[PDB]
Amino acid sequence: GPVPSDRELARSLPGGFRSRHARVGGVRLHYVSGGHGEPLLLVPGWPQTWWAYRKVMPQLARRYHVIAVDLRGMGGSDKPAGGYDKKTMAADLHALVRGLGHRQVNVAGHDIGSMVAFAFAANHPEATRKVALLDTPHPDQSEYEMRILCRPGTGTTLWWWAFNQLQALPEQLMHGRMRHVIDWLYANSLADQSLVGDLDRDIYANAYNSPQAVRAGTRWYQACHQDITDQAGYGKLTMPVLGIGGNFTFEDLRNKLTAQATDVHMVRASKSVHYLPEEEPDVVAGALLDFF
């Protein structure tokens, strides 16, 4: 294999992490676990894998039994025909956590995995002790306001939200070429490119390089409409909510969370654009320790 196995990757981590599999509801999920304490669930997003949490999992494993998943269609997990709406994927994680003997877990999600961490606290509040959302708010009616074009100074367009809606074309252009996508996303994100080295980038690209791997990733975005339907319907969250926002998304994230939760805390990752676990593992790790 072009990159090491998740098995080898897990063991490279300080300390005592182990790569594993579990079948739930017909879908085999991959995850990496270790550390001792109350359970803490880490959910990554696109186009990443559990390996996105490599920088913080050690410090977090000191206080919690860390469980870093690959969502369905992500990396080492099964890549089924459907079920990529955020609700269904939170259900998978529900079954997974209970199947491992926990009635309640701390949750933390990033990007797509943040939408999933929100749909987890929304649909299974009993099984959610505290919830942390890194950067990315759950889809709502405001996704329809995203513009194709930004006036030159204004910001950055999330072009992949449009591109990932397409059938066939994404896998046709991106299969075997995800390293370039990953390189583009980091060139418009990181203050320092060496924050995510060549090998780590290749680990992500290998997870996504096959045509079925690219297609599954897109399913996450194609379920945007559904996710938006489902969001209107959710009651407010009662359990403690943590929102960590970068410079790009902090106040949008604060606006939405305070409108969707009664007990909210906000932290600003002042040196990060999007990839908080990789960009500021220091701040993220500490924030989640304090919060939990």
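Numbers for residues come from their place in the sequence shown, where the first is 1.
- Between 160 to 168 and 84 to 92, the higher mean Cα B-factor belongs to 84 to 92.
- On average the C-alpha atoms of 148 to 156 have higher B-factors than those of the other stretch, with 148 to 156 and 214 to 222 being the two compared.
- Based on the entry's C-alpha B-factors, the most elevated value among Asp198, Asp183, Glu126, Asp111 belongs to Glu126.
- Per the deposited record, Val97 carries the highest C-alpha B-factor of all listed residues (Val97, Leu134, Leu71, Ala187).
- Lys79: CA B factor lies in the middle third for its chain, per the PDB record.
- When the modelled residues of the chain are ordered by their C-alpha B factor, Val105 lands in the highest third.
- Among all modelled residues in this chain, the alpha-carbon of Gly45 has a temperature factor (C-alpha) in the lowest third.
- For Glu279, the recorded CA temperature factor ranks within the middle third of the chain's modelled residues.
- Among the modelled residues of its chain, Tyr31 has a C-alpha B-factor that falls in the middle third, as given in the PDB entry.
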